[PDB]
Amino acid sequence: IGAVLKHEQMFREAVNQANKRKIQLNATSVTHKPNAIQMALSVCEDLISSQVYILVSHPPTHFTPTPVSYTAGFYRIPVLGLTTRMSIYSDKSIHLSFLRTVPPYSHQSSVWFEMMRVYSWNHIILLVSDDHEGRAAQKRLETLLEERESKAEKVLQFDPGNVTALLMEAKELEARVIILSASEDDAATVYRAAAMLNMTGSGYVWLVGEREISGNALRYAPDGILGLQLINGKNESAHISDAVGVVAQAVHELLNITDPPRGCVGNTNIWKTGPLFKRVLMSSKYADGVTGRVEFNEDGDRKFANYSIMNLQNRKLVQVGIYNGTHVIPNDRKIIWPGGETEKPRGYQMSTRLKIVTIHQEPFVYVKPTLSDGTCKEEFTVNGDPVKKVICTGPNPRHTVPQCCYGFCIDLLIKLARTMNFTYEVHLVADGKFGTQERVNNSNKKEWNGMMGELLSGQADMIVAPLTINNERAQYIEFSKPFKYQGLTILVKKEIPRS
Amino acid sequence: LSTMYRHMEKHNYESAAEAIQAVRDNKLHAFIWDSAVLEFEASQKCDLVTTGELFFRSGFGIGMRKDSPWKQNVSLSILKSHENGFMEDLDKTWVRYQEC
Amino acid sequence: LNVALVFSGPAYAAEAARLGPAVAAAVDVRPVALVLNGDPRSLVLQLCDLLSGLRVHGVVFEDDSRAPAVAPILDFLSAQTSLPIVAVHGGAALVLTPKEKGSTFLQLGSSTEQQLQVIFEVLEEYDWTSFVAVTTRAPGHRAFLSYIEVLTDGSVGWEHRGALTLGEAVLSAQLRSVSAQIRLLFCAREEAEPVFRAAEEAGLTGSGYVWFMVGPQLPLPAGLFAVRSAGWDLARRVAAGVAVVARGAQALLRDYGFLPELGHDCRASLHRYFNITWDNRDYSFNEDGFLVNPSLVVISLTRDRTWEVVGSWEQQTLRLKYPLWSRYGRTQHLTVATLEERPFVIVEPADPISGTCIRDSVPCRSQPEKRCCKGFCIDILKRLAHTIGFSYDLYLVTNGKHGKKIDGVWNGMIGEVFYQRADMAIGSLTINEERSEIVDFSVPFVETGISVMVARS
Amino acid sequence: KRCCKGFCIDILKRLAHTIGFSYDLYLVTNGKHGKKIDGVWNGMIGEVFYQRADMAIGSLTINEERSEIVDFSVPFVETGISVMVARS
Ligand SMILES: *[C@@H]1O[C@H](CO)[C@@H](O[C@@H]2O[C@H](CO)[C@@H](O)[C@H](O)[C@H]2NC(C)=O)[C@H](O)[C@H]1NC(C)=O
Ligand SMILES: *[C@@H]1O[C@H](CO)[C@@H](O[C@@H]2O[C@H](CO)[C@@H](O)[C@H](O)[C@H]2NC(C)=O)[C@H](O)[C@H]1NC(C)=O
Ligand SMILES: *[C@@H]1O[C@H](CO)[C@@H](O[C@@H]2O[C@H](CO)[C@@H](O)[C@H](O)[C@H]2NC(C)=O)[C@H](O)[C@H]1NC(C)=O
Ligand SMILES: *[C@@H]1O[C@H](CO)[C@@H](O)[C@H](O)[C@H]1NC(C)=O
Ligand SMILES: *[C@@H]1O[C@H](CO)[C@@H](O)[C@H](O)[C@H]1NC(C)=O
Ligand SMILES: N[C@@H](CCC(=O)O)C(=O)O
Ligand SMILES: N[C@@H](CCC(=O)O)C(=O)O
């Protein structure tokens, strides 16, 4: 056993301490290879040489501990990483023998959810890289937000390698607080893109992962943004100590011993001691460790870790709080904001402009063609009063010809717009159907057909029409108190008189 | 009514106006639709007739996206205007104003 | 340019390589090759030596032994070298995992999603319920349950899902705690055998129950069902693999016209070029490198303990053998026999858009094809079944209408009931003295008799 | 103990069956339906407002002040202001 990682002396003293705490704690370490193939060759060589019952640490530069994990899986022997963050290693489909002593960015997303819940920032925006780690973080954030009856307002996938279109898209919505998760270089690129626009001003609060914050501080670091880091940071030595301690604990717990393989130059066979010790370690709960109650998660992660919630203040990071494995310390000191605001601004932004969809229905929404100049005829009622018409497009594949709409629904909309300050543009639905929920062709999943697509898909923001209250519509969208009671009735032609 | 719907779906139209016109032209036997629109239609086009007991007594509504901040205010303003004379005034001048 | 052939077989690989060159030539003008040794140390050393010595375009590895081990390291070697590997004939290709940045593995196995899709296509034709879904807490169990939940929406019956920690008595009691005729299990072989033994000790291995094992693999229950791609020939598999490799290489040379390898012998992202057709089977590939729209078969267990093909899935279509099926349920099996009487029992053609009977109806088989029966008698029969509980089949009748003592022999529904062919008869049937004495009768509900109908008045 | 039955009781028990909870018919005496007497609510609205009663069912009309003070479910039986006269 031995971490690849002066570090040889650290391994020697760790082995001596573990032995002080039938043979116990034998150390067999090697050095990194420039070529991963050479690294795998060295790993198999010193696995054949000595009995390795495993440990490996991430070098500073992107490097990959994948070869040793793959070899361990090919031998089914337990393998425990030290300082690897990518969530791909979390999965056991290709790394069934792999465990890690440092939580990946998925728990960073979990802490993001915790902070958002603490600060009552109900609305949320995600700007996530299309990489695997970003996708896993986004999925964990969505499922952690699943139990609460709120979803992400709009998740934006940023392919690795300008995001100005996505930045504009995020700017034009109602939610203002966003959360970024991407590579350091992609983080710098999107930081420049946001800085060029006015989307980095007051009311635009956001917080990113550890490596994004580090890269931003390296290159740009938009001032006032929040950020998250591991409490211990790199902290190789204490992780080494806790790892060797838990390895000794597991070895003592095992001592059925089966057969720890050695000299497996061509021994194409698994060693049941490997899976047995892995299951024991999963059931194990190391206590009185350097980092605390070192418990291993079911997938092979760490439970109840510690994080530093820091803030960027002119290329200087100030630890605003401490996010435990359960909750976050409220406030160690004062927190700044990118716009200089001294408080936590509301994450939403009430839009003055509303997109209203409306269907043509006789006694409620009159629709007529516009005049020659595109205006509306200034007619009057029988009582000598004007009809407060409005101009809206939408009617006839055919192009969207503007037309004049007026009616009971239009009058109600006018009254509401006067009651609550609005600026509104109307447009009828292109489909021209009341929009139920229908099962799409060649798929099991269903979707909101018709005019309701204009509301669910964000095309509009308020459905004003002769809408009838029923079950699934109330399930997907929200309603208000009814303004006209009515039922379903039969219409039949009938001739009364008789000659 | 599932079997009745399976029968009805072979003749379902696409909009109200064409249905009303076809009912005028006797291309269809019976029409089923909302009470307010048909009441207004009978009050205008005194050729057809409305009948049957009301079968689904759920009122209309001004729909909006889920959990939008406007729900409380929109609902409260609609309720206040309905409670006030505004709703009745907007109703009388726009519907039920004709009786042939 | 050339194609390198590597096999982990200790003995059969020798004869396979001996017969290699003729088959490779028989199956572009690029040459072939064959090197085999049969161990991550040995694997890495041999493959690196072969690739250094021999300049090749794509490499095909064939082996069916110790599947869940070879695939990751082989994929890593391919990614490091950036060369097209193709695993064939089980083994490495059997394991399917999410890939890496530069990875190009071209696994020829079948994803668990496709397996579940095929199994559910076989279902909804045998049982409407995916009653028992049991998992062994395997690495793929989470995606397994997610896909089950994905495919269970819209349209199936469903009872429970559970996980077994594999004392065998505790897990057997937990397994039997869910009542379900049909159980589908997700497990590996080392967990499959103890689970089978525990189920046998729990009495669920009888012919009444059917197990649909879908875990990646391949004292024994009766009715095992699984799914595979094809095979059980190594030469044909090698021919298909080399044909796919040659087609991909020719497409690459047509697109740009350059040698495929990029050094990577001593250092100091192409799984998009697959539209492949061969052996009357689809061979296109997705981004992850697994077969898209494969030609799959479903296999079952025979009393001779041998695997026999039962049905074939291809072009998103199924074709099985003896398509008619019945829920034996072992009582609770009652063969309802009715006749046609328009006021009471209405038989209609099955709805062809959904290819099944519409709601508020019951399937009815004549005496092969299926119609939809509904009305008075059907509704009262289904209410009775709900309030009692049994499996009822609408076995219609043709020999007669209601019954006659023709040649002292009954016919119709009465004839069907009398000779035990039909368990019970419902529908339009009047009670008479001879009928009452020959066959018992329940309590009458709709009174009737002899009536006179006249003309307009 | 008395026995309560009718429209609201039946709809409440159907709702409880379709949701599942323990419901107690805590009747009221301080008021009838609610009034802003001395800026303080009473009746069923008063009981609900001060958390004494978890929820109120039965005869209760929806008004603007009631709607803003306390939330309301979807109306089911429409009603309003009506005029009743003598024999005719
Ligand atoms: C226990 O530790 C000793 C000391 O490091 C190991 O001895 C060396 O092992 C390497 C690798 O097997 C050999 O290349 C050296 O020649 C060994 N030197 C000596 C002096 O023995 C030993 O292999 C370790 N044993 C186990 C089972 O890990
Ligand atoms: C606007 O044009 C569309 C497109 O033709 C019309 O929708 C069609 O209506 C016919 C008549 O029922 C249907 O047969 C087609 O299937 C419809 N097509 C689509 C794409 O919906 C629509 O009715 C027109 N509306 C107006 C007001 O002219
Ligand atoms: C809903 O209506 C309330 C009541 O008017 C609004 O609250 C007011 O908001 C303005 C602007 O923020 C303040 O100046 C007032 O002091 C607030 N009054 C009260 C009583 O809260 C609220 O903003 C409205 N919300 C929406 C989305 O329209
Ligand atoms: C983003 O890049 C595209 C392509 O280079 C360019 O057309 C566009 O103007 C750029 N936008 C900004 C804001 O830089
Ligand atoms: C709404 O508009 C009125 C009229 O201009 C104004 O007095 C009021 O302050 C406005 N309120 C808001 C919140 O914009
Ligand atoms: N219902 C009759 C058959 C037809 C008839 O005679 O009216 C019977 O059960 O015998
Ligand atoms: N139903 C009334 C009480 C009695 C009345 O005013 O008619 C309400 O809920 O306020």
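The numbers here are math on the coordinates, done by the rules we state, and not lab data. Every residue, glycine among them, receives a Cβ derived from its backbone with ideal geometry; neighbour counts consider all protein chains shown.
Within chain C, the percentage of alpha carbon pairs spaced more than 39 angstrom apart rounds to 41%.
The H on the amide N of A:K493, modeled in the peptide plane, is under 5 Å from the matching H of B:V49, each at least 5 residues off or on a different chain.
When the pairs A:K415/B:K80; A:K493/B:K45; A:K415/A:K481; A:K389/A:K481; A:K446/A:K481; A:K484/B:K80 are compared against a 18 Å limit on Cα-Cα distance, A:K389/A:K481; A:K446/A:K481 fall above it. Here the 3J(HN,Hα) profile of region C:347-355, calculated from phi with Karplus coefficients 6.51, -1.76 and 1.60 at θ = phi - 60°, is 9, 10, x, 4, 5, x, 4, 8, x Hz, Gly and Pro shown as x. The share of alpha-carbon pairs in chain B lying farther apart than 15 Å comes to 74%. Partners of C:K370 within straight-line reach, counting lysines whose Cα lies under 21 Å from its Cα and excluding those fewer than 8 residues away in the same chain: C:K321, C:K382, C:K401.
With θ taken as phi - 60° and the Karplus curve 6.51 cos²θ - 1.76 cosθ + 1.60 applied, the whole-hertz 3J(HN,Hα) list for region A:166-181 is 5, 4, 4, 4, 5, 5, 7, 7, 8, 6, 10, 6, 10, 9, 10, 8 Hz, x standing for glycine and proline. With both bridge residues required to lie in chain A, what share of the DSSP beta bridges run antiparallel, to the nearest 5%? Just about 50 percent of them are antiparallel. Other residues whose C-beta falls under 11 angstrom from the C-beta of B:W33 contribute a net charge of -4, scoring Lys and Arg +1 and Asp and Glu -1.
Measuring between their Cα centroids, region A:129-152 and region A:1-70 lie 35 Å from each other. Size descriptors for region A:114-208: radius of gyration and Dmax over Cα atoms are 12.9, 37 Å.
When the P(r) of the protein assembly as shown is calculated, the portion above 38 Å amounts to 67% of the C-alpha pairs.
Rounded to the nearest 20, the Cβ-based charge dipole of chain C about its Cα centre (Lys and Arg +1, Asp and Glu -1) stands at 320 debye.
Two numbers describe the Cα atoms of region A:166-228: Rg and Dmax, which are 10.8, 32 Å.
Counting, for every residue in A:203-216, the Cβ atoms of other protein chains within 10 Å of its Cβ and taking the mean gives 0. Once the convex hull of all Cα atoms in region C:385-433 is built, its volume per residue stands at 102 Å³.
For chain B, the longest stretch holding no GluC sites (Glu not before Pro) located in a DSSP loop with at most 10 other Cβ atoms within 10 Å is which? Result, exposed sites excluded: B:54-98. Amide H contacts of C:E341 (H built 1.01 Å from N, in plane; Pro and chain starts excluded): no residue 5 or more places away or on another chain comes under 5 Å. Report P(r) for region C:186-278: all Cα-Cα distances, bin width 5 Å, range 0 to the bin holding the largest distance, values in whole percent. All Cα pairs considered, the percentages come to 2, 10, 14, 12, 10, 9, 9, 9, 9, 7, 5, 3, 1. Simple point charges give the picture: +1 on the Cβ of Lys and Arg, -1 on the Cβ of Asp and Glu, and for chain A a dipole about the Cα centre of about 600 debye. Normalised Debye scattering of region A:54-167 at q = 0.12, 0.20 Å⁻¹ gives log10 I(q)/I(0) of -0.55, -1.06, counting only Cα atoms as equal scatterers and leaving out solvent. Built from the Cα atoms of region C:322-375, the convex hull projects on average onto 4.9 nm², one quarter of its surface area. Rounded to whole numbers, the Karplus 3J(HN,Hα) couplings from phi for region A:467-482 are 7, 9, 7, 8, 6, 5, 4, 5, 5, 7, 10, 10, 10, 10, 5, x Hz, using 6.51 cos²θ - 1.76 cosθ + 1.60 with θ = phi - 60°, and x at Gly and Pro. Taking 4.7 Å between beta carbons as the limit, the unpaired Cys residues of chain C are C:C48, C:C187, C:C266, C:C377.
Alpha-carbon geometry of region C:33-165: the Rg and the Dmax are 19.1, 59 Å, given in that order. Of all DSSP beta bridges confined to chain C, the antiparallel ones make up roughly 50%. Dividing the convex hull volume of the alpha carbon atoms of region A:372-447 by its residue count gives 152 Å³ per residue. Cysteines in chain A that lack a partner Cβ within the 4.7 Å cut-off: A:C44, A:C264, A:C392, A:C405, A:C409. Computed over region C:52-106, the convex hull of the alpha-carbon atoms projects to a mean area of 3.7 nm². Taking the DSSP bridge list for the protein assembly as shown and keeping only pairs wholly inside it, about 55 percent are antiparallel. Peptide A:411-421 has a mean shielding of 4, counted as Cβ atoms of other protein chains within 10 Å of each residue's Cβ. The Kirkwood hydrodynamic radius of region C:265-406, based on inverse pair distances between different Cα atoms, is 20.0 Å. By the rule of a C-alpha distance below 18 Å, with chain neighbours fewer than 8 residues away ignored, the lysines paired with A:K344 are A:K334. Would you work out the Kirkwood radius for region A:25-114? I mean one over the mean of 1/r across all pairs of different Cα atoms, in Å. Answer for region A:25-114: a Kirkwood hydrodynamic radius of 14.0 Å.
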